[PDB]
Amino acid sequence: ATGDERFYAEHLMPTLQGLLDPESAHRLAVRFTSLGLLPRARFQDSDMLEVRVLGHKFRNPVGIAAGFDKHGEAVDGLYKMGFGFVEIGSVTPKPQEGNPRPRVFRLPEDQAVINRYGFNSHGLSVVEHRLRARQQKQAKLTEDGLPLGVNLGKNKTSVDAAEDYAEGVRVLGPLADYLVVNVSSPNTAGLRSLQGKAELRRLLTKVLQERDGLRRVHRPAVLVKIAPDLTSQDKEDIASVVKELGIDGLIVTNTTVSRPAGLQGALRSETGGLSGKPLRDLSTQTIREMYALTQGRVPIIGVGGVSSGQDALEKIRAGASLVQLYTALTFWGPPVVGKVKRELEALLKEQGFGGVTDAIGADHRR
Ligand SMILES: CCn1c(CO)nn(-c2cc3c(C(C)C)nn(-c4ccccc4C)c(=O)c3cc2F)c1=O
Ligand SMILES: Cc1cc2nc3c(=O)[nH]c(=O)nc-3n(C[C@H](O)[C@H](O)[C@H](O)COP(=O)(O)O)c2cc1C
Ligand SMILES: O=C(O)c1cc(=O)[nH]c(=O)[nH]1
Ligand SMILES: [Cl-]
Ligand SMILES: [Cl-]
Ligand SMILES: [Cl-]
Ligand SMILES: [Cl-]
Ligand SMILES: [Cl-]
Ligand SMILES: [Cl-]
Ligand SMILES: [Cl-]
Ligand SMILES: [Cl-]
């Protein structure tokens, strides 16, 4: 453990979170990150953390999940934290305010958060201009193993969900290494019903035709991000559609609308998606089931409750090629990124893996 990891986790983050409302803490974090007001990322990425997937090199397999940088304001600062890849969004076609405040709740006793932001978004036009300002900087970052993902959502009042996603592909597809069709927010009425077989096949056919229409150097991978709350039937149907259409990957999982037994936080019964420690194993077991249903042939980005190298390696061994985190950053701060990478490298060596690639899906081969 570095001096910074202990100071941030034991003193600085609890002090700052105790002084700020949770949404004010989020907004300030995006500000600090965009300005590069960050502790030194001491950790040097080794060859054994490199992953080749989704048509790209990833210098390390630890990404920032969607929701932290919804509007693409802090991308360069997130690479400066030591993330191997950055995902921005969700972005909606038109700007929208999201839900009324309060809409994000801390459960420190559970190392969890509940949010009901409701896709607060600057909209595609603003994010398009923000990414265009650094488009060639991003091309050089991607070539250097630091890809960019863009997560697409839909407007609250949209009548045609598929047209909202198509508009996102058109506008931000040319600026992205991968796109995410986010059909798993718990905080937009009817959105999760787009995970159903008939609705998903129609939606994803339209998204893939739009993506295929982009010029080659501007043609991103397309991933579907799924809920942790799916039935066995829902998961079987998603696996079938992903293989039928040649979807490039899955992000597993979004936040849960479940409230696992044992939550202690006073705010446990707030409406919204639960993230952090209580989601971790529900996410890992969703990765495990989606890897099996897709015969290990569909790359998975594993997300939900990662705050250590062990958490990351459990998702990799379950079938994830890459992992993301968000909620751990609210408790540990920026040093968590180097912490997870150092612990993951040590565990790969201890368990006899040559690198991350050798560990992907290893549990299925036992
Ligand atoms: C879920 C909403 N949500 C919450 C509330 O649940 N917190 N949160 C958050 C806050 C912070 C904060 C603030 C405490 C100032 N600061 N820093 C930091 C510290 C020192 C130096 C450089 C930075 C960016 C972080 O990294 C950081 C990350 C975060 F995710 C965040 O997105
Ligand atoms: C405040 C907050 C906002 C989020 N917003 C989004 C979003 O816009 N799009 C999305 O696909 N996921 C969103 N998520 C979900 C995260 O990307 C992630 O799937 C989930 O929080 C589990 O990871 P974690 O336990 O490491 O936070 C959000 C999560 C949080 C905590
Ligand atoms: O905007 C939000 O409320 C949001 C979107 C999403 O996909 N997941 C989440 O937990 N919140
Ligand atoms: Cl590849
Ligand atoms: Cl709170
Ligand atoms: Cl425009
Ligand atoms: Cl372009
Ligand atoms: Cl295609
Ligand atoms: Cl079921
Ligand atoms: Cl429940
Ligand atoms: Cl809820």
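Just so you know, residue 1 is the first one in the sequence shown, and it goes up from there. Reckoned from all heavy atoms, side chains included, excluding hydrogens, waters and symmetry mates. Start at 1 and go down the list; that is how both ligands and their atoms are numbered.
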* Nearest 0.5 Å please: distance from the NE2 atom of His56 over to the CZ atom of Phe58. =>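 If we round to the nearest 0.5 Å, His56:NE2 and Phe58:CZ are 7.0 Å apart.
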* Output the distance between atom CZ (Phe43) and atom CG (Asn60), rounded to the nearest 0.5 Å. => 7.5 Å
* Partners of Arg27 by salt bridge (charged side-chain N to carboxylate O under 4.0 Å, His left out), sequence neighbours excluded? -> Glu23
* Charged N to carboxylate O under 4.0 angstrom, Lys156 versus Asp164? ->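 Salt bridge: no.
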* Asked: Would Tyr165 and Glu210 count as a side chain to side chain donor-acceptor pair (under 3.5 Å) if you check the C-alpha gap in whole Å, the side-chain angles of each, and the deciding distance to 0.1 Å?
  -> CA-CA 9 Å; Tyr165 292 107; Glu210 294 277 354; over 6 Å; no
List, pair by pair, the atoms of ligand 1 and of the protein that are both N or O and lie under 3.5 Å apart, giving the separation rounded to 0.1 Å.
residue, atom, partner, partner atom, Å
ligand 1, 7 (N), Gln17, NE2, 3.1
ligand 1, 32 (O), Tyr326, OH, 2.8

* To do: For residues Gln195 and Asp234, determine if any side-chain heavy atom of one lies less than 4.5 Å from a side-chain heavy atom of the other.
  => no
